[PDB]
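Residue numbers (the authors' numbering), protein chains in the order written: chain H, 23 to 95; chain B, 23 to 95; chain D, 25 to 95; chain F, 23 to 94; chain E, 59 to 134; chain C, 59 to 135; chain G, 59 to 135; chain A, 59 to 134.
In what follows, a structure is listed as C-alpha cells, so that the remarks can point back to it.
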Amino acid sequence: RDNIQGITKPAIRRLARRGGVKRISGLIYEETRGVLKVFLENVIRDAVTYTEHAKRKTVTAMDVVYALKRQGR
Amino acid sequence: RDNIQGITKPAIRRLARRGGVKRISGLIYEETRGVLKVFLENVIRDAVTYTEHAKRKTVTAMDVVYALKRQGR
Amino acid sequence: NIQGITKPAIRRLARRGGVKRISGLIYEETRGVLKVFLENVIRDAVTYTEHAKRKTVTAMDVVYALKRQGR
Amino acid sequence: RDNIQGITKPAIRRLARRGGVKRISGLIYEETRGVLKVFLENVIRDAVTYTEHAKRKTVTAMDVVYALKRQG
Amino acid sequence: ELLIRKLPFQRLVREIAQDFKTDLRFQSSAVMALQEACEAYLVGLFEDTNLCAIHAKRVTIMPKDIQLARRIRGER
Amino acid sequence: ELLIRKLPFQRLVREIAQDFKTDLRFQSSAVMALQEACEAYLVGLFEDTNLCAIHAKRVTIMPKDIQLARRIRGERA
Amino acid sequence: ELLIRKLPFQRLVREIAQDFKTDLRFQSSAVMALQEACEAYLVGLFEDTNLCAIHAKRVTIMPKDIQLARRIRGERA
Amino acid sequence: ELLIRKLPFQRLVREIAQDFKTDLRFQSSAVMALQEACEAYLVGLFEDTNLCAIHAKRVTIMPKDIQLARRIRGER
DNA sequence: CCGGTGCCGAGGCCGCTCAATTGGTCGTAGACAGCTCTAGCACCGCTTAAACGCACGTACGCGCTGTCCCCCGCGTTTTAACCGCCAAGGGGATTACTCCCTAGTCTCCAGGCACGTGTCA
DNA sequence: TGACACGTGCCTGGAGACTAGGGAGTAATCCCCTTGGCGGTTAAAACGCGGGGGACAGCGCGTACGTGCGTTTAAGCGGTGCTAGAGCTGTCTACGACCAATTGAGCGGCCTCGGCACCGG
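What follows is the structure, given as C-alpha cells:
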C-alpha cells in the first residue's frame, strides 16, 4: 500500500478518541489522512530547509523543533 | 527620525522610476514604507530563525538567501 | 473540444467568482486562457506519467502536476 | 456609567452585515459587547504594558501596533 | 470607512484605560488605529460566526455560534 | 458541485492529451480531480478579474481585466 | 504513548523527505518529535471538530465538520 | 545600482532585528543581499502598481493601486 | 501463465438546459472644466560612503571521537482487515411559534468649530 | 519653551429606540434506512534482542576574516519655498453593448453489452 495508508483506521480512531470524539463517520479516515499529509508536508518542507542550512545529511531533532515553531504547530 | 524615514522620498521615487512609474501620488510614499516594513519583517524573522538554528550571533548572507527563497520574494 | 465549455457554464463560473456583469467577449478570451492552463498542467502530468515508466496517469500524478504548477 | 452600551445595536448589525451575516439574533448584541470588552482589555493591557516599559505617559500609535502584533 | 461611532469608542477606551493607569492620554491617531483594529477583529469574528451558523443548518447567528467560533479560534 | 459539464471537459482533456501523447488514458477520478482544480483556478481568476474591474470604477469585467490579472499573478501573459 | 504506529509513520516521513531532498536520513529523535507533534495537532483538530459536531447536535463527526474546524482555525479550508 | 541609501537601510534592518533577537550583528554581505532583494521586490511591486494605474486610464499610482496589486499577487 | 479491472465504442431514452431572437435599458467612454498637486528649479544644510588606524568577536575549516542510523535475521505478537449482527442516529418531512425584520416617528447626539485652558521633553 | 490634548456651548442634520405588523426561520418529533460499534479470527506487518558496519553529527582549536568604532569631509544628496502646467476628478450624454424569457432541440447522463489493454499472484 501507499505510505499514506500506514496511518491506519484504528490509529485515526484512537486520535479521535483522545480528542473526545464518540462516533466517527467512515469518510473521516480519508479526510484525516489528507489533512495529516498536508501538515506533514509543510513541517518536513521546513525541516529539510533547516537541514540544508546546516550542510548536514541527517535531519536532527532541532531541525524539527524549528520547523514546528515557525509553523502554527 | 525613526529609521523607517531613512528610506527617503527620493529613494522611493527612484525605485518607482526603475519600476516604470511616471507619476506618483503624495500618499504613496508612506504606504510604500509600510509595505516595506512588512516584507522586511517577514524576511528578517526567517533570517533570525536561521541564525538561531546555526547557534551563531552573526546573521550571515546565507541566512538571508534561505529566508528570501522561502518567502517567495 | 474547447467549445464544449459553453457560455452558460463560464457565466456560472463567473457568478461563483462574484462577478455581477460580464462582457460578451470574455468567453472567447477565457477559453484561450483555459486552454493554456490545461496544456501546462497536463504537460507536467504527462511528464510525471512518462518519467515513472507507468504509462498510466494516476490521480497522484495529477495532484503532483497541479502542485508543481502552483508552487 | 456603562460606556460599552454606546456601541449601539445598529452598529453591531452593520458590523455583522459587513461580515456577511444576513440574520442576527437579538441576544448577540449583548454577547458581542462582552466579547468586544475582553478584546479591548487585552489589547489595551499590552499597549499599557508597552507604554509602561517605555516610561512614556502618552500612548503612541507604535505602542498600539506592537500590542496588536503581540496579541494577534 | 468605519462602522462604529467614534465618540462612544473614545469614551469606552477611556473607561477601559482608567482601570490600569490613570490619565495616560492617547494620540488621536492611536485611537483611530485601535478602532480600525477592533473593526477588523469584530468583522472577522462575525464572519466566523456566520460560517458556524451556515454550518449548523441555520441562517441566524446566535450567542452559542460566536462562543463556538471564539473557542475554536483559541481566544477563550 | 462542479459547474463545468463533465463530458465536454473530458473531451477537451482527451484532445489536448492526444496532442501531447497518444494512447495515454485517464482514470475517472483523475479527470474529476483535474476538473476540480481547473474550476478552482477559473473561479480564482474570475475573482481577481472582478477585483480588477472594481478597481477601474466599473461593474462589468472585460478581457483586458483578465489579461491584467494574469499579468499581475505571474502567469504566461 | 504514541497512538500512531512507529514504522508506518516513519516510512511516510521518509517518503515525503525523499520527495523533498531524496538523500535525507532521519534521526530517531527527529522522527519521534515529528510523530508527537503530528499526534498533538491531530488530537487538537479532532477536539475542535468534535466541538463542531456537538454544535450541530450530532454525536458523529463529519468531513464537513473538519473542513469547518480548519476554516475557522486559520488553516487553508 | 542600489537606489536605497545603505546606512539608513542598515539602521532600519538593525531596528527591525532588535525585536526578533537583541544584540544581533549583521554581516555586510547579508545587509547587501537584504537591500538587493528588497529593492527588486519594490521594483516588481511598482511595476505591478503602474500596470494597475495604466489600467484605470491613469498615470499616477495611488495607494489603492498598490493594495490591488498586493491583493492580486496573494499578499492581501 | 493465465486473470480481474477498467477503458472505448455502440444501441438507445429521457431530459433539460443551449442558442437564438426579441425586447428593455444602462452605464461607460468621450468631451469638458474646476481643482489640485506635483516635478522641477534653485539654496542651503547634512550626513553618508569611504578611508586611515585599531582592536577584536568569532566564522569557518580541519581533525578527532563516538554514536546512533541503517542493515538484516528473527522470534513473538498482536492487532488490522475483514465479515456479520445490533442497534444508534442523520435527516427529511411535519407542525407549531415566537421573535426578529421593516419602518415612521420622537428623541438623543457627532462632530464641526470656536474658544479657552493646561501639559510635557 | 512651543506644539498637542482636554472641558464648554450651539445646533442641525444624522442617527438611535419603540412599538405596530407579521411571517418565516427556528424548535420539537417520528421513523427509515443508513451505517458505525462491536464479537471472532488469523496472519502479516510491528517491534524489540543481537551482531555489525560505519557515514556522519558533535565538539575542540587555530586562524585570519570580517564587525564595529574614533574621526573627517565633502560633496553628492536631502528638505524645502515657489511655480507653471498636467492630470484627478465630478459631470452630461448618448448609444452599443449588456441582462431576462421562450421556444425547437442537441448533446449529457443514466442503462446496458461486446470488445480488448494490461501489470500482475
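Don't be surprised by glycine CBs; every beta carbon is placed ideally from N, CA and C.
Whether residue i touches residue j by CB criterion (8 Å)
i	j	result
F84(C)	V70(D)	no
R128(E)	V57(F)	yes
residue 7(C)	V81(D)	Only positions 59 to 135 of chain C appear in the structure, and residue 7(C) is not among them; the question remains open.
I26(D)	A75(C)	no
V86(B)	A98(A)	no
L61(E)	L37(F)	yes
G42(H)	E133(G)	no
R63(G)	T54(H)	no
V101(A)	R40(B)	yes
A114(G)	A114(E)	yes
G94(D)	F67(C)	no
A33(H)	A76(B)	no
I50(H)	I130(G)	no
Where residue i falls: helix, strand or coil (DSSP)
i	result
residue 43(C)	Only positions 59 to 135 of chain C appear in this structure, which leaves residue 43(C) out of reach.
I46(F)	strand
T118(C)	strand
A135(G)	coil
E53(F)	helix
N108(A)	helix
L65(G)	helix
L70(G)	helix
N25(H)	helix
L60(C)	coil
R39(D)	helix
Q93(B)	coil
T30(F)	coil
Counterpart residues of residue i in DSSP-defined beta bridges
i	result
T80(B)	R83(A)
Proximity test, Cβ basis, 8 Å: residue i and chain G
i	result
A33(H)	yes
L126(E)	yes
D68(H)	no
Residue i at chain A interface by Cβ criterion, 8 Å
i	result
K77(B)	no
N64(B)	no
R134(C)	no
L109(C)	yes
Chain H contact for residue i (CB, 8 Å cutoff)
i	result
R92(B)	yes
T71(B)	yes
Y88(B)	yes
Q76(G)	no
Any C-beta of chain C under 8 Å from that of residue i
i	result
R95(D)	no
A114(A)	yes
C96(A)	no
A91(A)	no
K64(A)	no
Beta carbon proximity, residue i to chain D, threshold 8 Å
i	result
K79(C)	yes
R69(C)	yes
Within-8 Å CB hit, residue i to chain E
i	result
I130(G)	yes
Short CB-CB distance (under 8 Å) between residue i and chain F
i	result
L82(E)	yes
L61(E)	yes
Distance cut-off 7 Å: residue i Cβ against heavy atoms of the ligand MG
i	result
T107(A)	The ligand MG is absent from the structure shown, which contains no ligands of any kind.
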